Amino acid sequence: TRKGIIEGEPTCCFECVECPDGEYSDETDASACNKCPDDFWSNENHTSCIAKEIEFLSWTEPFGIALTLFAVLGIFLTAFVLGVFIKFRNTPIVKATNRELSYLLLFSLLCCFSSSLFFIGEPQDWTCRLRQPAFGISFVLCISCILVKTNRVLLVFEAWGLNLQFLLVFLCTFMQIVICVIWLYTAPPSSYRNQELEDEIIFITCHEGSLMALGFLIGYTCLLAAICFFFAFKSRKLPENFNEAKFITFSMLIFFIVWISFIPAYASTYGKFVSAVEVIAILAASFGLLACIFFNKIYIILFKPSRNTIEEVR
Amino acid sequence: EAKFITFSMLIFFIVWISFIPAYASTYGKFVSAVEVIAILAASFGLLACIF
Amino acid sequence: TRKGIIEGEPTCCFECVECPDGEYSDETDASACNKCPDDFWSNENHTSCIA
Ligand SMILES: CC(C)CCC[C@@H](C)[C@H]1CC[C@H]2[C@@H]3CC=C4C[C@@H](OC(=O)CCC(=O)O)CC[C@]4(C)[C@H]3CC[C@]12C
Ligand SMILES: COc1cccc([C@@H](C)NCCCc2ccccc2Cl)c1
Ligand SMILES: COc1cccc([C@@H](C)NCCCc2ccccc2Cl)c1
Ligand SMILES: [Ca+2]
Ligand SMILES: [Ca+2]
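Rules of the game
Residue indices run from 1 on each chain, following the sequence as it is written; they may not match the entry's numbering, and residues absent from the coordinates are omitted. The lettering of chains begins at A and the numbering of ligands begins at 1, in the order of writing. Note that the displayed chains come from a larger assembly and that each value is computed for the displayed part only. Water and hydrogen atoms play no part in the side-chain values, which are based on all heavy atoms of the structure. UniProt positions are given in the numbering used here, feature names are shortened, and annotations may be inferred rather than shown by experiment. The helix count covers DSSP runs of H or I at least four residues long, the strand count covers runs of E at least two residues long, and both are numbered beginning at the N terminus. Two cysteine sulfurs form a disulfide in these notes if their separation is within 2.5 Å. The cut-offs for exposure are 20% and 50% of the maximum accessible area for each residue type, with area from a 1.4 Å probe on protein chains only; residues under the lower value are buried, those over the upper are exposed, and the others partly exposed.

What the deposited record gives as its method is cryo-EM, and the resolution it gives is 3.4 Å.

Structure (structure tokens):
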């Protein structure tokens, strides 16, 4: 509490008035209040200054707990599918869906699920620099593996030594990696201590250096997804590999629905939970692809292996 | 109509789960905007997929 | 801007302390910042109160 002038009365006759928020008076008979220093805010009685609460998506927060559980479950499912594909690597079903491409796709799916874990926790500089590029590269690799696994994609390109499948996935991912290198070399993101949205707490955000580069990452990812969707849709009715193109189409629609929904969800989320939505979108898309590429096959491989033959896989 | 039912309900679940961090972190006009956008997305997805 | 007390110096010698948000001072040589009424906040200059 500080002194206030009682009009007419001398200096020794003063009123007592409480300090405003953000200012404090530690000692008694104070003529003015003291603003709390940077990163500090007044306490509940304006008696002293206490540190502002540092807000971010926490690992121990129940929302973060659920998101970590879902990412762990996704990694577990991807490793399970990889294990099934490895033990049954000599079966016709695993041979048909190119085993090397399936292994690389599962590696990229593990990377996709793990990349969501770079959005939980207190944002550091390197974490913010790796968030967007990690998911971008991993998902471009996924869409490249799928996009060269379908019909009328490798044929049109082929019309050295290693398969053209790997050359195509390398080029498609290399464009993304070049974009990311240009980004983190010219305008890398950083960890920003935002003290403007709220006055009693400090948000920790990832300030992306160039929104042009982030837009380029997203545009390239969506362009590859659209190419994959179109080429699978032109061949969706084909029954090869247990209707592989139909499920590729399903996965691409799941991806597009997830990100079109990500638009308003991100544009309407404030505070720490913004990182939240990112994780969910990531997870969902990954899960989609995973299911649409493997669960069916996994069934036919583990249970009722009668169709695990060259004739049935067709 | 199996895939159409599946995709309609996938749109419903995906949209409503996507807006959970918005419903738990926003107030004012924007929370009602979240409500309207989620409802419209669900209804449009169901109508499109089924019809 | 209200009048703040200089310790050890008489009443005629005061400092100019800006009114905080929510309160305001409309007159000159004011010794107290007055809070805006209910459903009313203070404008940028703290010279009046707007709804
Ligand atoms: C975030 C998590 C909860 C999503 C991961 C998906 C899983 C819940 C799995 C378990 C049940 C799976 C489904 C179980 C059954 C089918 C039927 C199957 O339909 C067929 O055309 C095959 C016909 C046959 O089985 O002979 C296609 C795969 C699908 C949709 C599977 C897709 C992936 C699903 C939904
Ligand atoms: C859609 O495919 C993708 C390709 C790369 C990254 C991503 C995800 C992981 N980040 C969304 C980026 C969202 C965003 C937009 C503007 C400013 C900040 C932010 Cl954070 C998706
Ligand atoms: C989700 O299905 C519903 C069933 C009944 C009502 C409603 C709407 C009209 N109000 C609650 C919306 C709150 C909410 C709940 C879960 C996920 C996101 C959100 Cl934003 C939705
Ligand atoms: Ca007097
Ligand atoms: Ca004196």
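Draft legend 1. Here's a closer look at the UniProt feature "transmembrane region" in chain A. All names here are of chain A. The residues that UniProt annotates with the feature "transmembrane region" are residues 62-87, 100-119, 126-149, 164-186, 211-230, 247-269 and 274-295. End-to-end, the C-alpha atoms of residues 100-119 are 30 Å apart, and along that stretch the chain is 80% helix and 0% strand. The distance from the first to the last C-alpha atom of residues 247-269 is 32 Å, and the span holds 91% helix and 0% strand.

Draft legend 2. The arrangement of the state of the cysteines in detail. One pass over the full model with this rule turns up five disulfides over all chains. The disulfide partner of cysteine 36 of chain A is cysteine 49 of chain A, and the S-S distance across this bridge is 2.0 Å. Because the sign of the S-S torsion sets the handedness, a value of about -90° for the bond joining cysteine 36 of chain A and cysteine 49 of chain A places this disulfide among the left-handed ones. Of this pair, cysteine 36 of chain A sits in the loop between β4 (34-35) and β5 (40-42) while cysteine 49 of chain A sits in strand β6 (residues 49-51), and the two are 13 residues apart along the sequence. In terms of burial, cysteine 36 of chain A and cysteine 49 of chain A fall into one category: buried. Between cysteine 19 of chain C and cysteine 33 of chain C runs a disulfide, and the two sulfur atoms are separated by 2.0 Å. With the S-S dihedral at roughly -95°, the linkage between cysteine 19 of chain C and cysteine 33 of chain C falls on the left-handed side. With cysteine 19 of chain C in the loop between β2 (14-17) and β3 (23-24) and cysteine 33 of chain C in the loop between β3 and β4 (34-35), this pair connects stretches of sequence that are 14 residues apart. Since its relative accessible area comes to 11%, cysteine 33 of chain C is described here as buried. Across chain C, the way the bonded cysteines pair up, counted in sequence order, is 1-2, 3-4. Numbered by order of appearance in the sequence, the disulfide-linked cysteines of chain A pair as 1-2, 3-4, 5-6. Just so you know, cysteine 12 of chain A is unpaired, no disulfide at all, and the nearest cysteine sulfur is the one on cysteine 13 of chain A, 6.5 Å from it.

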